[PDB]
Amino acid sequence: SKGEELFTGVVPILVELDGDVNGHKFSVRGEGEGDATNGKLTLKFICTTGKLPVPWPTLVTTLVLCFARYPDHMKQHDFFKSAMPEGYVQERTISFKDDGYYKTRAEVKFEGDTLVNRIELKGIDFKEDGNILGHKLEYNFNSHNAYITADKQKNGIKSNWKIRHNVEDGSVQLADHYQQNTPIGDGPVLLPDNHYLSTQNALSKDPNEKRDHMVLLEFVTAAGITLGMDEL
Numbered sequence: 002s003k004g005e006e007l008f009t010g011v012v013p014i015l016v017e018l019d020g021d022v023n024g025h026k027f028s029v030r031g032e033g034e035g036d037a038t039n040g041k042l043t044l045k046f047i048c049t050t051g052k053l054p055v056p057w058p059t060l061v062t063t064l068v069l070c071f072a073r074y075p076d077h078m079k080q081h082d083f084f085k086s087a088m089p090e091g092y093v094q095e096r097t098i099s100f101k102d103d104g105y106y107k108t109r110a111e112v113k114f115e116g117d118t119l120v121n122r123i124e125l126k127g128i129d130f131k132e133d134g135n136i137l138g139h140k141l142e143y144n145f146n147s148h149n150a151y152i153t154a155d156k157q158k159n160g161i162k163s164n165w166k167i168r169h170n171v172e173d174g175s176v177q178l179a180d181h182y183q184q185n186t187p188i189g190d191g192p193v194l195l196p197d198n199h200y201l202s203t204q205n206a207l208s209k210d211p212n213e214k215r216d217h218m219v220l221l222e223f224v225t226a227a228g229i230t231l232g233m234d235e236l
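Sequence positions in the sequence shown follow PDB author numbering and run 2 to 64, 68 to 236.
Set out below in structure tokens:
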């Protein structure tokens with residue numbers, strides 16, 4: 002696969018998300034660019050339907069792992085770029101402890117020159133005065149490592165990890181993520197050995213933006229595979 006050749010420069014990104022949590026419907030649009038050479042994403046997200054009914058931090062993971073920086077000695081484990089341009093489906097369940105769960109299905113694929121992430125989200129069994137629907141989470145997102153494994157019986161990958169959202173009272177709200185990715189096209193894809201992605205996220209606000217929004221700077225770097233002398 003020559004998909005990684007599409008990410009050697011800066012690539013424009015479009016994110017479109019339709020959501021429905023406990024019947025509270027919303028839409029989010031994001032635009033920005035990705036620089037996989039550096040593992041860097043910069044996007045601004047707008048809730049186009051007005052007020053976002055869940056906290057922005059709970060949507061970070063849902064709102068393009070093809071922009072992760074894989075070190076040269078790990079390029080053969082980059083499932084995400086290998087599926088391009090035709091793309092992959094990314095599906096998750098995010099179970100919030102003592103609260104409801106998100107189900108997401110996204111298609112990440114090139115449309116013209118733009119890498120597009122188009123998402124459908126449904127949220128169910130939330131407490132209307134819990135940490136999510138009650139907007140009790142701080143506007144931040146802790147640094148975290150998420151271990152990847154191949155899913156050979158599905159020609160894809162899987163990953164599960166716990167996100168820990170800071171609650172405003174000082175507690176922590178667990179978000180248990182279960183993820184699966186499978187290619188859209190039929191071409192060859194890279195099934196990686198076990199490894200992990202290291203992420204950092206900086207959330208901010210645009211002073212001249214009146215709508216409900218999130219400015220996001222994100223870094224994603226692949227790690228965890230031995231570069232053991234044999235290759236140097």
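By construction, the Cβ of each residue, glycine as well, lies at the ideal position given by its N, Cα and C atoms.
CB of residue i to nearest heavy atom of the ligand NAD: below 7 Å?
| i | result |
| --- | --- |
| residue 233 | This structure lacks the ligand NAD; in fact it carries no ligand of any kind. |
Roughly how many whole angstroms lie between the Cα atoms of residue i and residue j?
| i | j | result |
| --- | --- | --- |
| residue 70 | residue 215 | 29 Å |
| residue 206 | residue 35 | 15 Å |
| residue 101 | residue 178 | 5 Å |
| residue 114 | residue 142 | 33 Å |
| residue 94 | residue 116 | 20 Å |
| residue 196 | residue 180 | 23 Å |
| residue 64 | residue 235 | 36 Å |
| residue 127 | residue 154 | 27 Å |
In this structure, does DSSP put residue i in helix, strand or coil?
| i | result |
| --- | --- |
| residue 95 | strand |
| residue 113 | strand |
| residue 108 | strand |
| residue 213 | coil |
| residue 90 | coil |
| residue 124 | strand |
| residue 119 | strand |
| residue 237 | This structure leaves residue 237 out entirely; the chain is present only between 2 and 236. |
Between residue i and the rest of its own chain, which residues show a CB-CB distance below 7 Å, the 5 nearest in sequence each way excluded?
| i | result |
| --- | --- |
| residue 122 | 17, 110, 111 |
| residue 80 | 194 |
| residue 39 | 73 |
| residue 99 | 105, 180 |
| residue 130 | 22, 23, 103, 104, 136, 137 |
Could you spell out where the alpha helix (DSSP H) holding residue i opens and where it closes?
| i | result |
| --- | --- |
| residue 86 | 83-86 |
In the DSSP assignment, the beta strand (DSSP E) including residue i goes from what residue to what residue?
| i | result |
| --- | --- |
| residue 41 | 41-48 |
| residue 13 | 12-22 |
| residue 217 | 217-227 |
| residue 143 | Run containing residue 143: none; DSSP gives neither H nor E here. |
| residue 34 | 25-36 |
| residue 202 | 199-208 |
On the DSSP bridge assignment, give the partners of residue i in chain order.
| i | result |
| --- | --- |
| residue 182 | 97, 164 |
| residue 177 | 169 |
Take residue i and list the residues in its own chain whose beta-carbon comes closer than 8 Å to its own, dropping the five residues that flank it on each side.
| i | result |
| --- | --- |
| residue 200 | 149, 150, 151, 152, 226, 227, 228 |
| residue 147 | 202, 203, 204, 205 |
| residue 32 | 13, 14, 15, 16, 44, 45 |
| residue 210 | 45, 217, 219 |
What does a CB cutoff of less than 6 Å around residue i pick up in its chain, not counting 5 residues either side in sequence?
| i | result |
| --- | --- |
| residue 202 | 149, 225, 227 |
| residue 119 | 12, 14 |
| residue 49 | 28, 30 |
| residue 42 | 35, 71, 222 |
| residue 160 | 185, 186 |
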